[PDB]
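Participant: My questions will all concern the structure given below.
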Amino acid sequence: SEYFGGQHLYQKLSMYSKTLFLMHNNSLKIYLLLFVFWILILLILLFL
Amino acid sequence: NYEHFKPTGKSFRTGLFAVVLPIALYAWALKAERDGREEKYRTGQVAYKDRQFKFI
Amino acid sequence: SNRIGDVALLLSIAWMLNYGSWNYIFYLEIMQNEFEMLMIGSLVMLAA
Amino acid sequence: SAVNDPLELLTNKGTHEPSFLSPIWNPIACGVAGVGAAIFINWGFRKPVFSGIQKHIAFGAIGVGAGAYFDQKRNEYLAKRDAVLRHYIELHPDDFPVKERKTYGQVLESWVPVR
Amino acid sequence: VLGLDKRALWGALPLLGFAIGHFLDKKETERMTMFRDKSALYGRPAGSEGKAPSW
Amino acid sequence: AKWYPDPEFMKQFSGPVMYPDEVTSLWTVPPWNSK
Amino acid sequence: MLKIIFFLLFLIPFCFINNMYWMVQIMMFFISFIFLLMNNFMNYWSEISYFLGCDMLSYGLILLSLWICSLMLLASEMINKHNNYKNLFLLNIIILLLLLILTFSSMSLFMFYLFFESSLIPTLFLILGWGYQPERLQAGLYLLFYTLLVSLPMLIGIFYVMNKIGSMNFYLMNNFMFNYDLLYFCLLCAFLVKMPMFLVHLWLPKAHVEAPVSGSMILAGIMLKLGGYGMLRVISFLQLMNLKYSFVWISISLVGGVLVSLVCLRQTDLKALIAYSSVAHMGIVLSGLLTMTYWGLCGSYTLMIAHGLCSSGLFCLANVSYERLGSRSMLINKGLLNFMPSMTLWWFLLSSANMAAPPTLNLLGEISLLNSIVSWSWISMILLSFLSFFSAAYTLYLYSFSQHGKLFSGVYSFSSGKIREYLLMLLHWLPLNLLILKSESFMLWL
Amino acid sequence: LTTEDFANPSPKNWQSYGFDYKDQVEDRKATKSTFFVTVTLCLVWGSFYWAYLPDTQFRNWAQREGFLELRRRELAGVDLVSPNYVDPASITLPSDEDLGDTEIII
Amino acid sequence: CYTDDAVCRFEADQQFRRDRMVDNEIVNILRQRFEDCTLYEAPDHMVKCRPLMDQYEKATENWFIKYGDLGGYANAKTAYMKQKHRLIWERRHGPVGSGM
Amino acid sequence: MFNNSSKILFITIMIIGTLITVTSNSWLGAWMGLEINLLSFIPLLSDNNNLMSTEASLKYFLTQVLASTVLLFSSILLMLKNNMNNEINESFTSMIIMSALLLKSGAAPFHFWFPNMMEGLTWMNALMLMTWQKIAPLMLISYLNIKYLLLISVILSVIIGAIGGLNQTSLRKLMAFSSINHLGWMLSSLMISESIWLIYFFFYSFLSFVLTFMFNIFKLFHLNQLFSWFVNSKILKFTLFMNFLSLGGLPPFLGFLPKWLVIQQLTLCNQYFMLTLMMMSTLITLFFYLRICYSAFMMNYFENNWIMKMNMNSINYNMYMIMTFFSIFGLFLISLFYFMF
Amino acid sequence: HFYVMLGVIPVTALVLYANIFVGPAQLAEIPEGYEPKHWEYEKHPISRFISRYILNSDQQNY
Ligand SMILES: CCCCCCCCCCCCCCCCCC(=O)OC[C@H](COP(=O)(O)OCCN)OC(=O)CCCCCCCCCCCCCCCCC
């Protein structure tokens, strides 16, 4: 029950929160680069 | 007791044969009996005065 | 050993639901031949 | 009436009497809220809860006045909304047609048997 | 018998609240009255304005 | 009313993050005046 | 009505006055007496005041709420002997009782939902404030997150019913009928968690144990009945789809009743065993609710009324051994017939009320519930006999092992029984035998 | 402590009831008032009120109307219990071409 | 009455509940007549109680015609739709018990 | 933040620039107002006593000028394609406009600057950042009619903003992650109404003022710092912490009302799956709200004993206790409100 | 025992005062044009007093 329940839900949410803190430990240039790619696919499709 | 629990094959066999299988067999039996009585009720094979549990 | 008698009276009441009044003495000599009253009699015989 | 006319549903006949609490609920609720806010301020500063009753009187008067003003504006807003709905029903008689009322006897639908 | 001290005089506040709630219920049953003696089960024949209301 | 929060309970809130990993265990807390 | 609501609203300033703990329960029993007086109710809604009205189901549930809260102030003298926050405790109890009265006397589905999910915050406050365990955080979070996770999509279902129908009133929504799976799951599963299932129960035995005595009364007395009241209001317009999907819940509830009745034979806590005992009887309530008979609905209402008294009275009995023997363990609680012999009358009188008993309202609720479930299918006679046998197999175990045998060695000296405790367990059992007299009151809400 | 101390107990050595553990005055007042608001109000006077409660449900009226109806129905002799909710001539059933393929439930 | 009106639905539901309680008392008094026949004619209950038992069985049959299989939530419209479907099934399939 | 009158000048010019942004009838005057708002929000978010505030202002500058130039480039591209400011059939240039607005607002594909900047600020510039600086981009998002970008942003905001706040024990990053989740409820309201968004934004702003005033007067920046906070009566600390339960969306307090109006309007607009995706991902927000509420819901704690006096501002805490009362007793004012309709 | 006797004694005084000195009503046919009140529809004097002075009528709630 706690597996497929509250304890394993808390463990999976703690693991998902721990693995998302590694996304936020990077420099600003990586996230701005991700925005620049999202502009880049949005302009490639404007050609097509 | 959750801290010493791991999803092994023995635990899966115990949780299947202890809980889920009697629930599944009982639900299948209840659905089969109610469908067999309900098709006889909806078809019209039983009389009005000869039906069990009239709540009378 | 008497709780099984309690649940047998409970099921006997649940099958005397068919004839309504649980005063069985007015329906004994009439419905001695019915399957529902045979179920009632089997449950109350198991109870005794 | 034997017709389900959309214009008479929004038209106020005047048979609806307002309740006793309807004109007076918002000023007394906002006055009690102002008195409780002054009591909350006096509790947060570790003052006595009924010390400085001028703040309680001013907060209650501000609450009563604001509740009466915004209740009158609320009533004018609902009157304008009702006028908008009646005007759009009157302007478009094709999209909202009078619909004949149907007795239960004409309809035949779905008893759900429990058994 | 029952024992009530000087602190039992503080119990007039819930009785005042009970009186306020009873007055609001009386106002609610005073308002809710367009079907009074006009329903088809507890109805009254012609001349209902001369007779007293039932409730 | 018999158990109250011990310093063992507030030990888990004293880190730089709530759930430490092998990367964030070597981190330090920010200054308590936030400057 | 508005008299009871304004009575509690003007009983709110009683908490802020010092040395005013015992007057509030006096006025609560007085308003319970006044609510005993106002009993002119029939199956339709009466005493219509704005959005507040009352029918017979709502009358019985508000009267049970008032009795449970009035005894809840009587049971908690440990809050009064210590300098634990009596004003906050009284304010939380009055606010929670007011929310229960407001969610039971609700004319519509939405106000019922609003005060229904307002009620879980004072229960949260009692569990995390006045309990005596390190796992109160595990207790309240399980309760709040279970009920909130399954009750948030019920709000989407409620406004889908409002958009399809137009109204929020129970009677106008009784006319309509829906043929959707997801609307049925939304409007049912929140109550299916709020009353204990087998699969979704977890919040119950881990929230009854770590709470206070007052959390135990408010959880096993009236907040396992919010889901029953909600299903009694929702099932009327979802009959076709619940007739398609009710065999799964009835089979799960019956097998789970047998299995949880097998759990209580392997339980070493007094307060946990009554917590699992609430699962078994409400399993019979859930199995009799979905058959939609007259007898199933009437016996479900009777068994919820007769269970909210007896489970709370059993939870007061486990508290008066926890206050003296120092632990809730079943090994420690042994031979209390030689320690408190006058209490053993109330132990067996409230443990017999948990099973079928001769004068109690629980038997009249259990008889009218087994009628509908045996009428539903003949295969249920195999597992109703097992469940109703195992119910007294486990319920006699708690009285037998706690109240008979050799004494636990190495127990220190504690106080004797008190008149307040005898009065507290008097009012949990004499309503159970005085309500078979005028039982057409507390059964025929239809 | 000696023999004459136990033979005549001191009035200051008082055993409390369950309500208060600080002074004897608050025990007696709360005990008598709590026994007043539960026993002789909610259990005796309330039960006397519920004994002579009127027909809120119409069960007594149902029995009287059933006796009068069984007096008048067997005098007419048409039916002791009517099987039909309305008259079979008053109800306008739809035709077979009107229904088509609709689920008729019995 | 019409579908949009809820005044008629409350009144017809209330008279359906009242007629249900009256017909329940009809069946109860007709059962008590058979019980008093069984007690008063103690050895010879086989012969004399037969018209009363036939009348009671006809009462149970007619009660199950009108209020049978309606459930706990039996509105006045639910019995009317059950009567509509019962009369349609009697028209096209004959009496119930020998239907196709 | 009132150490100088020049900061009051910067506050009124950032108010003026935001009002120029939200009232511009063209896509270029909105950019003009965005640059005015940026110029007046660079000196706030910068101070001499805090070292991290200068690099946080550098992060804010690079994030906003990256977003503003893409907003200008796509608006000029829209004007080059069709010379009116509106667009008949929606295309990729509106997608570039909306993505440049989402970098300004802080939606979850572009939100990674937001708590990383929030880790080194004060509690008043944070109050300006999550409340007033969300006015200028979100009021321009309402002019576009593409659905799937808003759908992806709402879904990603309510999962990423709720899960990512669990690991954070700093109060500023936790409030930033909570504002990211409350951002997604605002964009979900923007697809169905332009008034329900104002309802949710005004009361979310109200909850932001009353909750960030608790951490600004008493100078709280940590979860462990809440346990050592000394209040003279523990009932007052228990009562003051009900704003977390209020902002989490619990029915007796205020803050249930705007979320409930969003639920009412979304179900009436036949959008059920996205509502379920948000409300299964708002329980985590109440979980890290209740993790804050560990420090007040219990009635006794193992306090540090060197501090025995509670020190506080007078005017700010006088303004605080008015708004704390309406944060928990504000559902009585639903009868007076008429702006839902 | 004290607090059940203090309840029973005024209750039993009221019960013998109602049955002996007032007494229950006699059943009779309704006269034409009477239009009887709600408290006329019960037999016992305590039930009549409760239905007249305390409890609301069925017609009012209906
Ligand atoms: C909890 C304990 C019980 C658990 C198990 C319960 C099992 C119930 C099985 C019966 C119901 C399902 C099967 C029948 C379906 C409907 C068909 C039907 O009506 O069959 C009746 C059957 C055939 O007889 P028929 O000719 O139709 O008419 C009867 C009189 N002539 O009529 C007969 O066969 C007559 C006898 C019927 C069964 C009576 C006994 C049932 C109980 C048996 C166990 C207890 C016995 C006593 C204790 C012994 C062990 C200690």
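Since every read-out is calculated from the coordinates, none of them should be taken as a lab result. Ideal geometry is used to build each Cβ from the backbone, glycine not excepted, and the neighbour counts take in all protein chains shown.
Participant: Connecting C-alpha atoms closer than 10 Å in a GNM of chain K, tell me which of K:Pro36, K:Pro45, K:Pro24 has the biggest fluctuation.
Facilitator: Highest fluctuation of the listed residues: K:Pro36.
Participant: If the label point is 7 Å along Cα→Cβ of D:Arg46, which residues in region J:303-321 have backbone nitrogen under 15 Å from it?
Facilitator: Output list for this probe position: J:306-314.
Participant: Please list, or write none, the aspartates and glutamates whose alpha carbon is within less than 16 Å of the alpha carbon of I:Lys48, excluding same-chain residues fewer than 8 places away.
Facilitator: C:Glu29, I:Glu35, I:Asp36, I:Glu57
Participant: Which order do the peptides D:84-90, G:266-272 come out in when sorted by mean C-beta neighbours inside 10 angstrom, highest first? Walk me through the numbers before you get to the answer.
Facilitator: Values: D:84-90: 13.1, G:266-272: 18.9.
Descending packing order for the listed peptides: G:266-272, D:84-90.
Participant: Still on this model: What FRET efficiency comes out for I:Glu41 versus G:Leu199 if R0 is 60 angstrom and r is the Cβ-Cβ distance? Round to the nearest 0.05. It would help to have the intermediate numbers written out before the result.
Facilitator: Details: r = 57 Å, r/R0 = 0.95.
Result of the calculation: an efficiency of 0.60.
Participant: Next question. With springs only between Cα atoms under 10 Å apart, run a GNM on chain G and tell me which of G:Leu124, G:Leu57, G:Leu407 wobbles the most.
Facilitator: G:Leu407
Participant: So what J values fall out for region J:172-180 if you push phi through Karplus, 6.51 cos²θ - 1.76 cosθ + 1.60 with θ = phi - 60°, rounded to Hz, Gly and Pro as x?
Facilitator: So the Karplus estimates, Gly and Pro as x, are 6, 5, 5, 5, 5, 5, 5, 6, 5 Hz.
Participant: When we measure straight from the Cα of A:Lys18, which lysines land under 16 angstrom away, once same-chain ones fewer than 8 places off are left out?
Facilitator: J:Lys173
Participant: Over what distance in Å are the Cα centres of region J:296-321 and region H:59-85 separated?
Facilitator: 76 Å
Participant: Extension gain J:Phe230-J:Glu35, at 0.36 nm per residue separation less the Cα-Cα distance, in nm?
Facilitator: 65.9 nm
Participant: Also, I was wondering about something else. Need one value for D:96-104: mean number of C-beta atoms belonging to other chains within 10 Å of its residues' C-beta atoms. Let's see the in-between values first.
Facilitator: Numbers: counts 0, 0, 0, 1, 1, 5, 3, 6, 12.
Neighbouring Cβ atoms belonging to other protein chains average 3 per residue here.
Participant: Okay, next question. So the label point goes 7 Å from the Cα of G:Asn19 along Cα→C-beta, right? Which residues of region E:1-24 then have their backbone N under 19 Å from it?
Facilitator: So the set is E:3-12.
Participant: Taking every residue in G:218-225, how many Cβ atoms of other protein chains lie within 10 Å of its Cβ, on average?
Facilitator: Numbers: counts 0, 0, 0, 0, 0, 0, 0, 0.
Averaged over the peptide's residues, the number is 0.
Participant: Moving on to the next point. Calculate the length of the line joining the C-alpha centroid of region J:95-152 to that of region G:207-233, in whole Å.
Facilitator: For region J:95-152 versus region G:207-233, the Cα centre distance is 43 Å.
Participant: Provide the packing ranking of H:92-103, G:209-220, J:102-113, i.e. peptides ordered by the mean count of other C-beta atoms within 10 Å per residue, highest first. Walk me through the intermediate numbers first.
Facilitator: Values: H:92-103: 9.8, G:209-220: 26.7, J:102-113: 24.8.
The packing order, highest mean first, is G:209-220, J:102-113, H:92-103.
Participant: What is the spin-label model distance, in nm, from F:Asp21 to B:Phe17 if the labels are put 7 Å beyond Cα along the C-beta direction?
Facilitator: Placing both labels 7 Å beyond Cα along the Cβ direction yields 4.1 nm.
Participant: Anything over 27 Å Cα to Cα? Flag those among D:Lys99/I:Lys84; D:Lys99/G:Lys164; D:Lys47/J:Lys219; G:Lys3/J:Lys259; G:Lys3/G:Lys164, in the order listed.
Facilitator: Numbers: D:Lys99/I:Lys84 25 Å; D:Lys99/G:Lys164 18 Å; D:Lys47/J:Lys219 23 Å; G:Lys3/J:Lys259 32 Å; G:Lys3/G:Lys164 35 Å.
Listed pairs above 27 Å: G:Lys3/J:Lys259; G:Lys3/G:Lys164.
Participant: Taking the Cβ-Cβ separation of C:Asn33 and G:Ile382 as r and a Förster radius of 22 Å, what is the calculated FRET efficiency to the nearest 0.05? All intermediate terms of the calculation are to be shown ahead of the outcome.
Facilitator: Numbers: r = 26 Å, r/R0 = 1.18.
Taking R0 as 22 Å, the efficiency between C:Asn33 and G:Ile382 is 0.25.
Participant: What is the calculated FRET efficiency for D:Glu90 to I:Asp4, with r their C-beta to C-beta distance and R₀ = 22 Å, to the nearest 0.05? Walk me through the numbers before you get to the answer.
Facilitator: Numbers: r = 21 Å, r/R0 = 0.97.
That pair, D:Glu90 with I:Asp4, gives E of 0.55.
Participant: Label points 7 Å out from Cα along the Cβ direction at H:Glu74 and F:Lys11: separation in nm?
Facilitator: 8.6 nm
Participant: Could you work out the relative contact order of chain G? I mean the mean sequence separation of Cα pairs under 8 Å and 6+ apart, divided by the number of residues, in percent.
Facilitator: Details: 650 pairs, mean separation 70.4, N = 446.
Value for chain G: 16 percent.
Participant: If you count, for each residue, the other Cβ atoms within 10 Å and average over each peptide, how do G:227-236, J:231-240 line up from highest to lowest?
Facilitator: Packing proxy ranking, top to bottom: G:227-236, J:231-240.
Participant: Testing the spin-label approximation: label points 7 Å from Cα along Cα→Cβ at J:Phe332 and G:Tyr180. State their distance in nm.
Facilitator: 3.7 nm
Participant: Under 5 Å between amide hydrogens, which residues at least 5 positions from J:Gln168 or on another chain qualify, with H placed 1.01 Å from N in the peptide plane?
Facilitator: It is F:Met18, by chain and number.
Participant: Taking square-rooted eigenvalues a ≥ b ≥ c of the alpha carbon gyration tensor, is region G:178-223 rounded, prolate or oblate, where a/c under 1.5 means rounded and, failing that, a/b exceeding b/c means prolate?
Facilitator: On the way: a/c = 4.74, a/b = 2.56, b/c = 1.85.
Prolate, because a/c is 1.5 or more and a/b exceeds b/c.
Participant: Another question, if that's okay. Enumerate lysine pairs in chain E that are 8 or more residues apart or on different chains, then count those whose Cα atoms are under 26 Å apart. Write down the numbers at each step before the final one.
Facilitator: Numbers: E:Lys26/E:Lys38; E:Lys26/E:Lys51; E:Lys27/E:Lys38; E:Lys27/E:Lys51; E:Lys38/E:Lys51.
So the count works out to 5.
Participant: Further, regarding this structure: Let me know the mean shielding of K:25-38 by other chains, meaning the per-residue number of their Cβ atoms within 10 Å of its Cβ. Each step should come with its number before you reach the end.
Facilitator: On the way: counts 0, 0, 1, 0, 0, 0, 0, 0, 1, 0, 4, 0, 2, 4.
Partner-chain Cβ atoms within 10 Å, mean over residues of K:25-38: 1.
Participant: Please list, or write none, the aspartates and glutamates whose alpha carbon is within less than 14 Å of the alpha carbon of B:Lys6, excluding same-chain residues fewer than 8 places away.
Facilitator: Candidates past the 8-residue exclusion: A:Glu2.
Participant: Same structure, new question: Pick from G:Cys69, G:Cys310, G:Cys186: which residue has the top mean-square fluctuation in a GNM of chain G where Cα pairs under 10 Å get a spring?
Facilitator: Comparing G:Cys69, G:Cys310, G:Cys186 in a Gaussian network model of chain G, the most mobile one is G:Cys186.
Participant: Roughly how many whole Å is it from the C-alpha centroid of region I:25-47 to that of region G:410-446?
Facilitator: Region I:25-47 and region G:410-446 have Cα centres spaced 41 Å from each other.
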